[PDB]
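> Handing you this structure, nothing more for now.
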Amino acid sequence: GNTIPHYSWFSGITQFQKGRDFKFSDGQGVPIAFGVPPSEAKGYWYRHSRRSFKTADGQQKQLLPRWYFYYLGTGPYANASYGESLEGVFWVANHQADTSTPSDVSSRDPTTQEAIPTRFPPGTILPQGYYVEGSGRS
């Protein structure tokens, strides 16, 4: 039982190859939103381990981390200080973003809204070993 413990507004990027970095430029790696404009497209890091398991047939899963995305003002570090870039971490938001303040985006009921494939605006790059999917799964 290694299901995501939370209901993210949308899915994450899917890793294919282990042991790679998370690299992008200013205002890149910002995930296209429902509800909130590029103007308030702004968030920070998050990552989950989705551990593998082995079944009756002796076959074990081989799987990789996923990258998870929360808006500024809401998240398990909702009130992170703007600039909190850690080891293995890269703080993000769009060039139009204020990022002096919690954003205008939160509060989604998964009763109505299931996970959505994550998409990033043209200009954003996919760090080596990753490419985004999010086929209705976070």
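> What is the P(r) of the chain, as percent of Cα-Cα pairs per 10 Å bin from 0?
Here the calculated profile for the chain is 11, 42, 34, 10, 3, 0.
> Which of the three applies to segment 62-138, rounded, prolate or oblate, going by the alpha-carbon gyration tensor with a ≥ b ≥ c and a/c under 1.5 meaning rounded?
Oblate, because a/c is 1.5 or more while a/b does not exceed b/c.
> Next question, about the same structure. Rounded to the nearest 0.05, what FRET efficiency do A80 and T55 have when you use their Cβ-Cβ distance and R0 = 22 Å?
Efficiency for this residue pair is about 0.05.
> In sequence order, what are the phi-derived ³J(HN,Hα) couplings for segment 11-26 according to the Karplus relation 6.51 cos²θ - 1.76 cosθ + 1.60 with θ = phi - 60°, rounded to whole Hz, with x for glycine and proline?
Coupling constants for segment 11-26: 6, x, 6, 9, 7, 10, 10, 7, x, 9, 9, 10, 10, 6, 9, 4 Hz.
> Could you work out how far apart the two model spin labels at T111 and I32 are, taking each label as a point 7 Å from the Cα in the direction of the beta carbon, and quote it in nm?
Here the answer is 3.0 nm between the modelled labels.
Quick reminder, even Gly has a Cβ in these numbers, built from the backbone with ideal geometry, and neighbours come from all protein chains shown. Where a number appears in this text, it was derived from the coordinates with a stated rule and is not lab data.
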